[PDB]
Number of protein chains: 2
Amino acid sequence: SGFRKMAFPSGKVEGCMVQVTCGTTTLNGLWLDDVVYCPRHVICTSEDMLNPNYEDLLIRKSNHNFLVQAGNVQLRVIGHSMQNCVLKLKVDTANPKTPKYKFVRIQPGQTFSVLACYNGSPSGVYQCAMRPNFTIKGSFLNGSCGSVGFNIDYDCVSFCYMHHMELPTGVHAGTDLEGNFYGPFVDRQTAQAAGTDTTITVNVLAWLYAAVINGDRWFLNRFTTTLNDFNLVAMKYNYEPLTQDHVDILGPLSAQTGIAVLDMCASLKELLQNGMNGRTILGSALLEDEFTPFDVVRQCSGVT
Amino acid sequence: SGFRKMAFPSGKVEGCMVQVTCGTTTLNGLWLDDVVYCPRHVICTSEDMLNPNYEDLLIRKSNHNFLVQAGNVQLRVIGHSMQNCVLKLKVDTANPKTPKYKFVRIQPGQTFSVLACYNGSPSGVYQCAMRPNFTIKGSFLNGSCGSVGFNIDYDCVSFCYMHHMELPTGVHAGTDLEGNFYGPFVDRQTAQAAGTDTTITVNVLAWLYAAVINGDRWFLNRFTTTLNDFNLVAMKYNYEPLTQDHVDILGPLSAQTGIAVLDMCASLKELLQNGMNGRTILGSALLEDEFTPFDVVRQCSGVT
Ligand SMILES: Cc1ccncc1NC(=O)CN1CCCCC1
Ligand SMILES: Cc1ccncc1NC(=O)CN1CCCCC1
């Protein structure tokens, strides 16, 4: 009973967080095996920020300029390299707390947990979605760069995001763990257009199934729709067009509840066209899109 | 930039979770030092649930009947005692991962993080409020009993909640770590009245300050109010009456934003009387009450 915006347990990631200082700037690093990963802008100063020449700035740095501290203990840096927008600092000691892990590039519309950190110390954990336009709407202040996003499958942490930037709009941008930005963004202090965003339709449908499972059923109706008809409504309301691949991933939820996907689409269509009429669904007064079908199945079945 | 429903990092609590089995039933236990704490209903069977005679059921149990497993390793139980609705199982080994901790009884209206667990394994973490009527609106399934709620202050975990029950309404009830229920509840399978609940006014005001800090300002107006006038509106809308102690705890937010507490009350009064007119505040289409003033200051300042 109940449905919450649940994050993965953060302990495995907490054991990987370190502080990285280069010159003036301190941000977070991720220590896995004998490598510390961090955003490359740790090597910048204020005059560099409008458009840093990262290759030249890094040429001025030596291994001993990267101060890496794992809580109390200092790590000895024996190599450094820049890969896309991340720095990889080779250290002489493997992290004893390295969990089983993978680096993955997530798709827009997928969700993950963020462990927000400052000075290598964890502050809090929250769940969010990668928007269809590749931005994230997080909670990050100065010093949070290098905090990571991740998912967990049994004892394996799949790292998918490293935080690099707050755009002038207050929205967030970052990279995969190979330093490739999600979206069109570059690590410099400039206004940068984020694409037109959309609402993640398959996630809203998954959340309506979570609602029915938990007893919030007022939005169920006597109607059905088709993919074509629903997609005309999705177009009007700036929702992602629904495909058979999305219908297929909703199969487990349709099977559990007995509510055909297109019948749930007809509920969503009515909610888009009429609003909530001052009512709530799972404690929300809007249509929630930060739960994937996998998240709903996991939370509704108690996966550990 | 940004404001999220952030939970505390769960690692310190993950290291304390164990599985407790007595007879048929398996639930979670909390291992701190050489004691494992768990809900006493682990000793019940189905015929007991309507009104268990806990003293008689426990008299049938011996130390060797409590199977306690910390992941892979088995703990040896050398004593057992029932304190209110919790069992305390003395074990022969102190938990090496015991963090600095306290047991606290929280006040209604305060918030905490829950580490939802099944079979002693963490599933996810979320933040919630203890309702004014002492219930919690969590996400808990069968097997989640014994999961705990907590707050963290530097390296000290203050445990405040242990999950015991899902009421027939789907709302949740539990105890402090001495086994005393929050609210009028008893650990038996019966319908039990939860008091009339209210919205946590001081938390809604704190969240409106978080909104202004993050740039959501549309609800600010040219008005002011008084405590008396605001409390007439709070009465109508089932909000907790605001006191000077609440105004005082909002001081830091009023000081940071320059918006007097009673002026923010006038914004809240207008929102209660007129609604949101289809707009959102910090991604919500309702007035959020699960952030205390302390939570807002912590998240807005990056406390670790
Ligand atoms: C202030 C803040 C708040 C939240 N998240 C990130 C930041 N800081 C930046 O974005 C700095 N930025 C990095 C990329 C190159 C230009 C400088
Ligand atoms: C099924 C479930 C889901 C979420 N949270 C808890 C439960 N289980 C119970 O409440 C069982 N209950 C314990 C107290 C004495 C009577 C039996």
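Methodologically, a virtual Cβ is constructed for each residue, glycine included, from the backbone with ideal geometry; neighbour enumeration extends over all protein chains shown. All of this is worked out from the model, or read from it or from the source named; no laboratory read-out is quoted.
For residues that are outside any helix (DSSP H, G or I) and among the aliphatic types (A, V, I, L, M), scanning just the range A:47-65, find the one that is nearest to ligand 2 (Cβ to nearest atom). The residue in question is A:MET49. Being in a loop (DSSP other than H, G, I, E, B), within 16 Å of ligand 1 (Cβ to nearest atom) and either without any contact (Cβ under 8 Å) to a residue 40 or more places away in the chain or surrounded by fewer than 21 Cβ atoms within 10 Å (Cβ to Cβ) (or both) is a condition met by at least one residue of the range A:115-129.
Among the residues that make up the range A:289-297, is at least one of them assigned to a helix (DSSP H, G or I), away from chain B (no Cβ under 14 Å) and of a type outside the set (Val, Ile, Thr)? Scanning the range A:289-297 turns up at least one residue that is assigned to a helix (DSSP H, G or I), away from chain B (no Cβ under 14 Å) and of a type outside the set (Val, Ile, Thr). Quick one: is A:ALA210 within 14 Å of chain B (Cβ to nearest Cβ), buried (at least 19 other Cβ atoms within 10 Å of the Cβ), touching a residue at least 24 places away in the same chain (Cβ under 8 Å) and not in a loop (DSSP other than H, G, I, E, B)? In short, yes.
Filtered by the rule that a residue be in contact with a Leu (Cβ under 9 Å, 6 or more places away or on another chain), outside any loop (DSSP other than H, G, I, E, B) and surrounded by fewer than 21 Cβ atoms within 10 Å (Cβ to Cβ), the range B:158-201 gives B:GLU166, B:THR199. Of all residues in the range B:103-140, those being among the charged types (D, E, K, R) and closer than 24 Å to A:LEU115 by Cα number 1.
With assigned to a helix (DSSP H, G or I) and either of a type outside the set (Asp, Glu) or within 16 Å of ligand 1 (Cβ to nearest atom) (or both) as the only criterion, which of B:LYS12, B:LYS90, B:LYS5 stands out? It is B:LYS12. Taking the condition within 26 Å of B:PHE103 (Cβ to Cβ) and either more than 13 Å from the chain's Cα centre (by Cα) or not assigned by CATH to the domain that holds B:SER1 (or both), does B:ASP155 pass? In short, yes.
Among the criteria (1) at positive phi; (2) within 14 Å of chain A (Cβ to nearest Cβ); (3) under 11 Å from the mean Cα position of the chain (by Cα), the one B:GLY143 does not fulfil is (3). Considering only residues in the range B:263-288 that are among the charged types (D, E, K, R) and crowded, with 19+ Cβ neighbours inside 10 Å, the one that is nearest to the other protein chains (Cβ to nearest Cβ) turns out to be B:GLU288. Within the range A:180-215, the set of residues being out of contact with any strand residue (DSSP E or B) (no Cβ under 6 Å at 6 or more places or on another chain), charged (D, E, K, R) and more than 16 Å from A:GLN110 (Cβ to Cβ) comprises just one member, A:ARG188.
Test A:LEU220 against the stated conditions and say whether it is surrounded by fewer than 23 Cβ atoms within 10 Å (Cβ to Cβ) and either within 16 Å of ligand 1 (Cβ to nearest atom) or part of a loop (DSSP other than H, G, I, E, B) (or both). When the stated conditions are applied, A:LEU220 passes them. With the condition kept exactly as written, say whether any residue in the range B:10-20 is surrounded by fewer than 18 Cβ atoms within 10 Å (Cβ to Cβ), on the phi < 0 side of the Ramachandran plot and more than 14 Å from chain A (Cβ to nearest Cβ). No, because not a single residue in the range B:10-20 is surrounded by fewer than 18 Cβ atoms within 10 Å (Cβ to Cβ), on the phi < 0 side of the Ramachandran plot and more than 14 Å from chain A (Cβ to nearest Cβ).
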